file run_10.txt (compact mmCIF, C-alpha atoms)
# COMPACT_ATOMS: atom_id res chain seq x y z
CA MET A 1 34.05 4.38 -3.41
CA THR A 2 31.27 5.29 -5.94
CA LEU A 3 29.93 8.89 -6.46
CA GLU A 4 28.00 9.71 -9.71
CA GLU A 5 24.97 11.55 -8.12
CA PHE A 6 24.44 14.76 -10.20
CA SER A 7 20.92 14.44 -11.83
CA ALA A 8 19.20 17.62 -13.22
CA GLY A 9 16.73 18.91 -15.91
CA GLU A 10 13.98 21.48 -16.79
CA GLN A 11 10.98 21.93 -19.20
CA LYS A 12 8.07 24.47 -19.51
CA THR A 13 4.97 22.57 -20.79
CA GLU A 14 1.58 21.19 -19.62
CA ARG A 15 1.47 17.34 -20.07
CA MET A 16 -0.47 14.46 -18.35
CA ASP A 17 2.52 12.90 -16.43
CA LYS A 18 3.72 16.47 -15.52
CA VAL A 19 0.49 16.86 -13.41
CA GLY A 20 1.60 14.17 -10.89
CA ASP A 21 5.28 15.29 -11.03
CA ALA A 22 4.14 18.87 -10.26
CA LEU A 23 1.97 17.57 -7.35
CA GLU A 24 4.98 15.84 -5.73
CA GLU A 25 6.94 19.16 -5.83
CA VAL A 26 4.22 21.34 -4.21
CA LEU A 27 3.30 18.75 -1.50
CA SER A 28 7.00 18.48 -0.43
CA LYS A 29 7.07 22.32 -0.02
CA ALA A 30 3.64 22.24 1.72
CA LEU A 31 5.09 19.96 4.46
CA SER A 32 7.96 22.51 4.77
CA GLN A 33 5.23 25.19 5.45
CA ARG A 34 3.41 22.80 7.91
CA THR A 35 -0.07 24.01 6.67
CA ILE A 36 -1.57 20.72 5.29
CA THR A 37 -3.90 17.79 6.21
CA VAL A 38 -3.20 14.04 5.78
CA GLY A 39 -5.41 10.87 5.94
CA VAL A 40 -8.65 9.87 4.08
CA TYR A 41 -10.91 10.03 7.18
CA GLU A 42 -9.88 13.63 8.25
CA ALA A 43 -12.82 14.90 6.02
CA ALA A 44 -15.11 15.75 9.01
CA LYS A 45 -12.10 17.05 11.07
CA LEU A 46 -10.70 19.48 8.42
CA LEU A 47 -14.28 20.81 7.76
CA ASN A 48 -14.52 21.61 11.55
CA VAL A 49 -10.88 22.99 11.87
CA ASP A 50 -10.05 25.29 8.88
CA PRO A 51 -12.83 25.20 6.14
CA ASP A 52 -11.97 28.74 4.83
CA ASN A 53 -8.25 27.81 4.35
CA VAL A 54 -8.84 24.68 2.14
CA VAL A 55 -7.17 24.92 -1.37
CA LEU A 56 -6.96 21.37 -2.93
CA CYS A 57 -7.54 17.72 -1.83
CA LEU A 58 -5.75 14.58 -3.12
CA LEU A 59 -7.00 10.96 -2.87
CA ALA A 60 -5.15 7.70 -3.84
CA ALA A 61 -7.41 4.67 -4.56
CA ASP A 62 -5.92 1.14 -4.04
CA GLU A 63 -6.90 -2.08 -5.85
CA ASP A 64 -8.19 -3.02 -2.33
CA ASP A 65 -10.38 0.17 -2.26
CA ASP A 66 -12.45 -1.40 -5.10
CA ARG A 67 -13.67 -3.78 -2.25
CA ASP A 68 -13.75 -1.25 0.71
CA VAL A 69 -17.30 0.24 0.78
CA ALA A 70 -16.44 2.50 3.78
CA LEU A 71 -13.41 4.15 2.08
CA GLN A 72 -15.49 4.56 -1.14
CA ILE A 73 -18.02 6.55 0.99
CA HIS A 74 -15.06 8.56 2.51
CA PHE A 75 -14.11 9.61 -1.09
CA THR A 76 -17.66 10.91 -1.95
CA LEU A 77 -18.01 12.44 1.58
CA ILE A 78 -14.82 14.60 1.32
CA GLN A 79 -16.01 15.47 -2.25
CA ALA A 80 -19.32 16.88 -0.86
CA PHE A 81 -17.35 19.04 1.65
CA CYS A 82 -14.73 20.52 -0.74
CA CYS A 83 -17.44 21.35 -3.36
CA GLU A 84 -19.45 23.26 -0.68
CA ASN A 85 -16.47 25.66 -0.13
CA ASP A 86 -15.41 25.71 -3.88
CA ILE A 87 -12.22 23.54 -3.71
CA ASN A 88 -11.06 21.37 -6.59
CA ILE A 89 -9.72 17.79 -5.98
CA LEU A 90 -7.86 14.96 -7.83
CA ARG A 91 -8.07 11.11 -7.63
CA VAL A 92 -4.84 9.21 -8.49
CA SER A 93 -5.05 5.64 -9.89
CA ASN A 94 -1.64 4.54 -8.41
CA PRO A 95 -1.54 3.81 -4.59
CA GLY A 96 2.21 2.94 -4.76
CA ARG A 97 3.29 6.23 -6.48
CA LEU A 98 1.50 8.51 -3.96
CA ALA A 99 2.99 6.22 -1.24
CA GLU A 100 6.43 6.91 -2.86
CA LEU A 101 5.81 10.72 -2.54
CA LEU A 102 5.12 10.43 1.27
CA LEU A 103 8.59 8.72 1.50
CA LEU A 104 10.57 11.32 -0.64
CA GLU A 105 10.15 14.73 1.14
CA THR A 106 6.42 15.40 1.87
CA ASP A 107 4.95 13.84 5.06
CA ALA A 108 8.58 13.11 6.23
CA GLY A 109 7.28 13.05 9.86
CA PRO A 110 6.06 9.92 11.81
CA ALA A 111 4.01 8.43 8.90
CA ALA A 112 5.83 5.16 7.90
CA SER A 113 3.91 1.81 7.81
CA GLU A 114 5.91 -1.38 8.65
CA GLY A 115 3.71 -4.14 10.21
CA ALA A 116 1.82 -7.38 9.33
CA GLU A 117 -1.17 -5.95 7.30
CA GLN A 118 -2.52 -2.56 8.52
CA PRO A 119 -5.82 -1.38 6.82
CA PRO A 120 -6.03 1.21 3.94
CA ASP A 121 -5.50 4.69 5.49
CA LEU A 122 -2.83 7.48 5.15
CA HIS A 123 -3.70 7.70 1.37
CA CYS A 124 -4.97 11.34 1.21
CA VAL A 125 -3.46 14.84 1.61
CA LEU A 126 -5.12 18.31 1.63
CA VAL A 127 -3.24 21.57 0.77
CA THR A 128 -4.42 24.71 2.66
CA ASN A 129 -3.35 28.41 2.75
CA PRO A 130 -2.47 30.74 5.71
CA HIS A 131 -4.56 33.96 6.35
CA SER A 132 -3.08 35.30 3.02
CA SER A 133 -4.10 33.06 0.05
CA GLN A 134 -0.71 32.57 -1.75
CA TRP A 135 -0.85 28.88 -2.92
CA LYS A 136 -0.04 29.16 -6.66
CA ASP A 137 3.45 27.99 -7.87
CA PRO A 138 3.89 26.97 -11.59
CA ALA A 139 3.47 23.27 -10.65
CA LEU A 140 0.04 23.72 -8.95
CA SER A 141 -0.99 26.11 -11.80
CA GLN A 142 -0.36 23.18 -14.25
CA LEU A 143 -2.51 20.93 -11.95
CA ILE A 144 -5.45 23.42 -11.67
CA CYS A 145 -5.44 23.98 -15.48
CA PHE A 146 -5.44 20.22 -16.35
CA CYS A 147 -8.04 19.37 -13.64
CA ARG A 148 -10.40 22.18 -14.90
CA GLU A 149 -10.38 20.86 -18.52
CA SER A 150 -11.10 17.19 -17.55
CA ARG A 151 -13.79 18.37 -15.01
CA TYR A 152 -15.41 20.29 -17.96
CA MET A 153 -16.12 16.82 -19.53
CA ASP A 154 -18.84 16.29 -16.75
CA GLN A 155 -16.39 14.27 -14.55
CA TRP A 156 -17.25 15.27 -10.92
CA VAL A 157 -13.56 14.39 -10.15
CA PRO A 158 -10.55 14.47 -12.52
CA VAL A 159 -8.20 11.41 -12.35
CA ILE A 160 -4.60 10.52 -13.39
CA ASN A 161 -1.77 7.91 -13.43
CA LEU A 162 1.59 9.61 -12.52
CA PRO A 163 5.06 8.11 -13.42
CA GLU A 164 7.69 6.27 -11.30
CA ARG A 165 11.17 7.67 -10.33

call {"tool": "encode", "arguments": {"input": "run_10.txt", "output": "structure tokens"}}
result
Amino acid sequence: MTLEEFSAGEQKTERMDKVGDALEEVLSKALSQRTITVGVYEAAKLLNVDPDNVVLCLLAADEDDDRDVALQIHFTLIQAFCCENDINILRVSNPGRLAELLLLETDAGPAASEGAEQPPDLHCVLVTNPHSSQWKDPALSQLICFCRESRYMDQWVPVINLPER
């Protein structure tokens, strides 16, 4: 008989760790809208399905991706496509923390991975709008702002390392 669950808090600032916190909030809501893509190799598919609707892509690079030449090409491939339609993107340094997010409340559908050793996939998500472009929220505004400043430094892609729970 143990019940002390009551956690809360708020702040109103742009900060580096707040970028990946903010991302987790929006993606959870974006599953609730059912208007998003998932999986690194959907690059060609999403370009042929809803290229006008595309708003932002996320990629999560493993330690194992530093040795996967195909998945490295998949990252620069999806980067060519989003740039062609003017769509910003972000590359997270932490495969485990983005894998935590897909367990919390985004991608809460049939997306779990419990086997021997499956290959690196299900490490990307893409946010897209309906026929009325309304994807803002204060969280994704913080993301766009941060990503624009680091992109201004001649980085073709901004990058970050988001916190644990």

call {"tool": "atom_distance", "arguments": {"input": "run_10.txt", "atom1": "CA of residue 23 in chain A", "atom2": "CA of residue 114 in chain A"}}
result
25.1 Å

call {"tool": "atom_distance", "arguments": {"input": "run_10.txt", "atom1": "CA of residue 46 in chain A", "atom2": "CA of residue 105 in chain A"}}
result
22.6 Å

call {"tool": "residues_around", "arguments": {"input": "run_10.txt", "residues": "residue 22 in chain A", "least_positions_apart": "2", "cutoff": "10 Å", "atoms": "only C-alpha atoms", "output": "list in words"}}
result
residues 14, 17, 18, 19, 20, 24, 25, 26, 27, 137, 138, 139, 140, 141, 142, 143 and 162 of chain A

call {"tool": "atom_distance", "arguments": {"input": "run_10.txt", "atom1": "CA of residue 55 in chain A", "atom2": "CA of residue 39 in chain A"}}
result
15.9 Å

call {"tool": "closest_residue", "arguments": {"input": "run_10.txt", "among": "A:32, A:118, A:94, A:2", "to": "residue 60 in chain A", "atoms": "only C-alpha atoms"}}
result
A:94

call {"tool": "closest_residue", "arguments": {"input": "run_10.txt", "among": "A:109, A:130, A:119, A:96", "to": "residue 165 in chain A", "atoms": "all atoms listed in the file"}}
result
A:96

call {"tool": "residues_around", "arguments": {"input": "run_10.txt", "residues": "residue 147 in chain A", "least_positions_apart": "6", "cutoff": "12 Å", "atoms": "only C-alpha atoms", "output": "number ranges by chain"}}
result
A: 14-16, 19-20, 23, 56-58, 87-92, 140-141, 153-160

call {"tool": "closest_residue", "arguments": {"input": "run_10.txt", "among": "A:8, A:54, A:38, A:104", "to": "residue 129 in chain A", "atoms": "all atoms listed in the file"}}
result
A:54

call {"tool": "build_atoms", "arguments": {"input": "run_10.txt", "residues": "range 80-102 of chain A", "atoms": "N, CA, C and O atoms", "output": "compact mmCIF listing (two decimals), keeping the file's coordinate frame"}}
result
# COMPACT_ATOMS: atom_id res chain seq x y z
N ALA A 80 -18.21 16.01 -1.26
CA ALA A 80 -19.32 16.88 -0.86
C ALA A 80 -18.81 18.15 -0.14
O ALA A 80 -19.21 19.26 -0.47
N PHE A 81 -17.89 17.96 0.81
CA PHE A 81 -17.35 19.04 1.65
C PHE A 81 -16.54 20.06 0.85
O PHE A 81 -16.80 21.27 0.93
N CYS A 82 -15.56 19.62 0.05
CA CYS A 82 -14.73 20.52 -0.74
C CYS A 82 -15.55 21.33 -1.77
O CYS A 82 -15.36 22.54 -1.89
N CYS A 83 -16.51 20.69 -2.45
CA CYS A 83 -17.44 21.35 -3.36
C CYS A 83 -18.25 22.47 -2.69
O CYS A 83 -18.48 23.51 -3.31
N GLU A 84 -18.65 22.28 -1.44
CA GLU A 84 -19.45 23.26 -0.68
C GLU A 84 -18.69 24.58 -0.45
O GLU A 84 -19.30 25.65 -0.38
N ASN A 85 -17.36 24.52 -0.39
CA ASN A 85 -16.47 25.66 -0.13
C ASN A 85 -15.77 26.18 -1.42
O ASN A 85 -14.96 27.10 -1.34
N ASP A 86 -16.10 25.61 -2.59
CA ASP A 86 -15.41 25.71 -3.88
C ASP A 86 -13.88 25.44 -3.79
O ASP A 86 -13.05 26.35 -3.75
N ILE A 87 -13.54 24.15 -3.78
CA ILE A 87 -12.22 23.54 -3.71
C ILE A 87 -12.24 22.33 -4.64
O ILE A 87 -12.93 21.34 -4.42
N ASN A 88 -11.47 22.46 -5.71
CA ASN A 88 -11.06 21.37 -6.59
C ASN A 88 -10.26 20.26 -5.85
O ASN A 88 -9.69 20.44 -4.78
N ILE A 89 -10.25 19.07 -6.47
CA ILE A 89 -9.72 17.79 -5.98
C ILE A 89 -9.23 16.93 -7.15
O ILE A 89 -9.62 17.16 -8.30
N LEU A 90 -8.40 15.93 -6.87
CA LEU A 90 -7.86 14.96 -7.83
C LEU A 90 -7.80 13.56 -7.21
O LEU A 90 -7.46 13.40 -6.03
N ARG A 91 -8.12 12.53 -8.01
CA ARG A 91 -8.07 11.11 -7.63
C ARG A 91 -7.02 10.35 -8.45
O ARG A 91 -7.19 10.14 -9.65
N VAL A 92 -5.90 9.98 -7.82
CA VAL A 92 -4.84 9.21 -8.49
C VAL A 92 -5.10 7.70 -8.46
O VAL A 92 -5.54 7.13 -7.46
N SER A 93 -4.82 7.06 -9.60
CA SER A 93 -5.05 5.64 -9.89
C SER A 93 -3.98 4.69 -9.31
O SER A 93 -4.15 3.47 -9.30
N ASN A 94 -2.87 5.24 -8.78
CA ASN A 94 -1.64 4.54 -8.41
C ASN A 94 -1.31 4.64 -6.90
O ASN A 94 -0.58 5.56 -6.50
N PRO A 95 -1.75 3.70 -6.04
CA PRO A 95 -1.54 3.81 -4.59
C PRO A 95 -0.05 3.83 -4.24
O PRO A 95 0.38 4.60 -3.38
N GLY A 96 0.76 3.03 -4.95
CA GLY A 96 2.21 2.94 -4.76
C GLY A 96 2.97 4.23 -5.07
O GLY A 96 3.93 4.54 -4.37
N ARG A 97 2.57 5.00 -6.08
CA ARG A 97 3.29 6.23 -6.48
C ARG A 97 3.04 7.40 -5.53
O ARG A 97 3.98 8.11 -5.17
N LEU A 98 1.80 7.56 -5.05
CA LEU A 98 1.50 8.51 -3.96
C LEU A 98 2.15 8.08 -2.63
O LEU A 98 2.66 8.92 -1.89
N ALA A 99 2.22 6.77 -2.37
CA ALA A 99 2.99 6.22 -1.24
C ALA A 99 4.51 6.44 -1.38
O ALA A 99 5.19 6.63 -0.37
N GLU A 100 5.05 6.49 -2.60
CA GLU A 100 6.43 6.91 -2.86
C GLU A 100 6.63 8.37 -2.45
O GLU A 100 7.54 8.67 -1.68
N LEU A 101 5.76 9.30 -2.90
CA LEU A 101 5.81 10.72 -2.54
C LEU A 101 5.90 10.95 -1.02
O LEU A 101 6.79 11.69 -0.58
N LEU A 102 5.06 10.30 -0.20
CA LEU A 102 5.12 10.43 1.27
C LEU A 102 6.43 9.91 1.90
O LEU A 102 6.73 10.21 3.06
